[PDB]
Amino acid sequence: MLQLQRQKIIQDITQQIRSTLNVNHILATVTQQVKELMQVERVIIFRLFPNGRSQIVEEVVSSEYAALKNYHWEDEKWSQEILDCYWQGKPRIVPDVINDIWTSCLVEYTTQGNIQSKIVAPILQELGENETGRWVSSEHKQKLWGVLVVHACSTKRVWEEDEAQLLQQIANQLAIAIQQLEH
């Protein structure tokens, strides 16, 4: 009978509960908006895992440049002078990725991605109590889950402070979204 129609909404209802409740769906929609908003050729979420590993877990590329999605690496060491900047919740404006001495090893990554300038925006976690790893601060009582990055690839773009300011605002909004959705 039309008991058929009862489930045509139950599958909807479940579909939304699962949709909204999974982290990637809202990661994937924020980045698709950061991209269309800042008119930037690529938006990635570089995720850092405390064992050392790290991976671009979401990405929104203009079709012109490579899918750095899933791009990854193990035992990721960042320059101390840079994590300080990042634990303080401060974005990082890299107006010339090419001569950026802190990213002087992501030359492979830089040239395939074809990145000219970029803004890097920490995603932080107030993780109190007990957890220790590679991306964690005791001075700041905060953990660095990953990084929202935005890639100027077509031109060496110059960034206004409000651009970084803004990306950081959005990053700091993900931070809250992610702390909830980790099971």
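Counting begins at 1, following the sequence as shown.
- On average, are the C-alpha B-factors higher in 28-36 or in 132-140? Higher mean C-alpha B-factor: 132-140.
- Of the two stretches 95-103 and 72-80, which shows the higher Cα B-factor on average in the entry? Here the higher of the two C-alpha B-factor means belongs to 72-80.
- Message: Just to confirm, going by the entry's C-alpha B-factors, which of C153, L127, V61, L148 comes out highest?
- Response: Answer, based on the entry's C-alpha B-factors: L127.
- Message: Can you tell me which of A164, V23, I170, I9 has the maximum CA B-factor listed in the PDB entry?
- Response: By C-alpha B-factor in the record, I9 ranks first.
- By its CA B factor, does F46 count among the lowest, middle or highest third of the modelled residues in the chain? It falls in the bottom third of the chain.
- Query: What third of its chain's C-alpha B-factors does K118 belong to: lowest, middle or highest?
  - Reply: Lowest third.
- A66 by Cα B-factor - lowest, middle or highest third of the modelled chain: Within its chain, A66 is a highest-third residue by C-alpha B-factor, going by the deposited values.
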